[PDB]
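Undergrad: Sharing a structure here in structure tokens format.
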Amino acid sequence: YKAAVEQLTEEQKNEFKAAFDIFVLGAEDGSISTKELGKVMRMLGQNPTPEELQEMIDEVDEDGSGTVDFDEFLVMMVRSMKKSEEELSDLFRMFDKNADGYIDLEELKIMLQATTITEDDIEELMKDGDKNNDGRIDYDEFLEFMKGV
Ligand SMILES: CC(C)COC[C@H](CN(Cc1ccccc1)c1ccccc1)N1CCCC1
Ligand SMILES: CC(C)COC[C@H](CN(Cc1ccccc1)c1ccccc1)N1CCCC1
Ligand SMILES: CC(C)COC[C@H](CN(Cc1ccccc1)c1ccccc1)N1CCCC1
Ligand SMILES: [Ca+2]
Ligand SMILES: [Ca+2]
Ligand SMILES: [Ca+2]
């Protein structure tokens with residue numbers, strides 16, 4: 001909910017902002033349309049249909065603008081943290097190409113293709129998610145990372 005968004009620390013909002021920035025790369029009016037959602041999806045190795053992408057945009061577009069702005073992105077995230085389990089597993093697998101149950105530094109570099117976010121940002125992301133210091137994020141770490149401890 002809108003209010004719950006204000007429970008996020010200032011650092012969480014910034015991190016979500018960094019993620020939002022990747023989606024709006026080269027976007028009109030800096031908001032996420034089906035076009036940008038399709039580009040990230042494709043960069044992650046998927047091949048969504050127009051119906052699937054439109055379904056995702058409508059699910060989080062609260063003002064019927066047809067696009068997702070940062071405020072709506074935040075609410076969307078707050079909502080998933082506080083079905084979500086399944087999307088999380090798929091997302092993990094999108095990064096875990098060899099299916100060994102880990103996301104290593106190289107696999108995270110997928111986010112630099114056709115791209116705002118930098119290698120330093122990636123190595124930092126890795127440190128944030130890698131709790132046991134083995135240079136990788138396993139599924140349990142990933143879930144804790146995505147849900148918030
Ligand atoms: C590498 C694969 C294991 C991940 O793809 C799984 C897809 C993702 N979904 C939704 C989704 C998108 C983003 C993040 C998590 C889930 C999907 C839907 C439309 C287009 C591409 C993927 N789900 C489709 C139904 C069950 C599998
Ligand atoms: C997967 C979770 C961490 C966040 O859940 C949001 C995703 C799609 N997101 C994020 C996303 C999209 C593609 C690839 C990775 C993550 C989303 C993003 C932008 C616009 C709309 C939805 N689904 C929410 C319900 C249906 C959509
Ligand atoms: C799931 C999406 C809404 C984006 O989530 C963004 C980041 C890291 N993502 C990076 C990412 C960028 C763009 C699209 C999808 C994901 C991430 C990626 C891989 C492994 C761990 C985190 N999470 C860190 C803690 C909560 C936010
Ligand atoms: Ca909107
Ligand atoms: Ca892997
Ligand atoms: Ca680890």
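Scheme for the structure tokens: letters A, B, ... for chains in order shown; per-chain residue numbers from 1; ligand numbers from 1 in order shown.
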Tell me which protein, DNA and RNA residues are within 8 Å of region 54-68 of chain A, counting only C-alpha atoms, leaving out same-chain ones fewer than 6 positions away, and put them as a VMD selection string.
TA: chain A and resid 31 to 34 76
Undergrad: For ligand 3, return the neighbouring residues as a CSV table (one decimal) with C-alpha atoms, in the first residue's frame (distance at most 9 Å; only C-alpha atoms and all ligand atoms).
TA:
chain,number,residue,atom,x,y,z
A,12,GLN,CA,16.1,0.7,0.1
A,15,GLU,CA,18.4,0.8,-4.4
A,16,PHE,CA,15.0,0.3,-6.0
A,17,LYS,CA,15.6,3.5,-7.9
A,18,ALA,CA,18.8,2.1,-9.3
A,19,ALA,CA,16.8,-0.9,-10.5
A,20,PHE,CA,14.0,1.4,-11.9
A,21,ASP,CA,16.7,3.4,-13.9
A,22,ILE,CA,17.7,0.3,-15.8
A,23,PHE,CA,14.1,-0.3,-16.9
A,40,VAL,CA,14.6,-6.1,-19.8
A,41,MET,CA,12.8,-9.4,-20.2
A,44,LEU,CA,17.3,-11.7,-19.2
A,73,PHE,CA,7.3,0.7,-9.0
A,74,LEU,CA,7.9,1.2,-5.3
A,76,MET,CA,4.7,-2.9,-6.6
A,77,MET,CA,7.9,-3.8,-4.7
A,88,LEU,CA,11.1,-15.0,-7.3
A,91,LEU,CA,13.7,-14.5,-11.7
A,92,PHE,CA,16.5,-16.4,-9.9
A,94,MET,CA,16.7,-16.1,-15.4
A,95,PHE,CA,20.1,-15.2,-13.8
A,103,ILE,CA,24.2,-16.6,-9.2
A,107,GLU,CA,26.0,-14.2,-14.3
A,108,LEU,CA,25.0,-10.9,-12.7
A,111,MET,CA,22.7,-6.7,-16.6
A,117,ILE,CA,24.6,0.3,-14.1
A,122,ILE,CA,27.5,-5.2,-9.9
A,125,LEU,CA,25.2,-5.8,-5.6
A,126,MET,CA,27.0,-9.1,-5.2
A,128,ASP,CA,25.0,-7.0,-0.6
A,129,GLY,CA,23.5,-10.4,-1.5
A,137,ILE,CA,24.2,-15.6,-4.1
A,142,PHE,CA,18.5,-14.3,-3.1
A,143,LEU,CA,15.1,-14.7,-1.3
A,144,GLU,CA,16.3,-12.9,1.9
A,145,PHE,CA,17.9,-10.2,-0.4
A,146,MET,CA,14.7,-9.7,-2.3
A,147,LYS,CA,12.3,-9.9,0.6
A,148,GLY,CA,14.4,-7.8,3.1
Undergrad: Can you work out which one of A:104, A:70, A:119, A:113 has the shortest atom-to-atom distance to ligand 6, counting only C-alpha atoms and all ligand atoms?
TA: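 Using only C-alpha atoms and all ligand atoms, the shortest distance to ligand 6 belongs to A:104.
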Undergrad: Check which residues fall inside 7 Å of ligand 5 when counting only C-alpha atoms and all ligand atoms, and print them as a PyMOL selection string.
TA: chain A and resi 96-104+107
Undergrad: As a quick test: using only C-alpha atoms and all ligand atoms, which residues lie no more than 6 Å away from ligand 6? Give them as a list in words.
TA: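 Sorted by chain and then by number, the residues are residues 130, 131, 132, 133, 134, 135, 136, 137 and 138 of chain A.
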Undergrad: Limited to C-alpha atoms, could you put the picked residues into a file as a compact mmCIF listing (two decimals), in the first residue's frame?
TA:
# COMPACT_ATOMS: atom_id res chain seq x y z
CA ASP A 130 26.41 -12.69 -0.66
CA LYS A 131 25.96 -13.29 3.07
CA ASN A 132 28.32 -16.20 3.54
CA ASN A 133 31.16 -14.64 1.55
CA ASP A 134 31.60 -17.30 -1.14
CA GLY A 135 31.32 -14.82 -4.00
CA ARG A 136 27.88 -16.14 -5.06
CA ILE A 137 24.18 -15.65 -4.13
CA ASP A 138 22.37 -18.92 -3.55
Undergrad: Considering only C-alpha atoms and all ligand atoms, state which residue in the set A:90, A:120, A:29, A:52 is at the smallest distance from ligand 4.
TA: A:29
Undergrad: Looking at A:118, A:14, A:84, A:47, which one is nearest to ligand 2, with distances taken over only C-alpha atoms and all ligand atoms?
TA: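 Answer, going by the shortest atom-to-atom distance: A:84.
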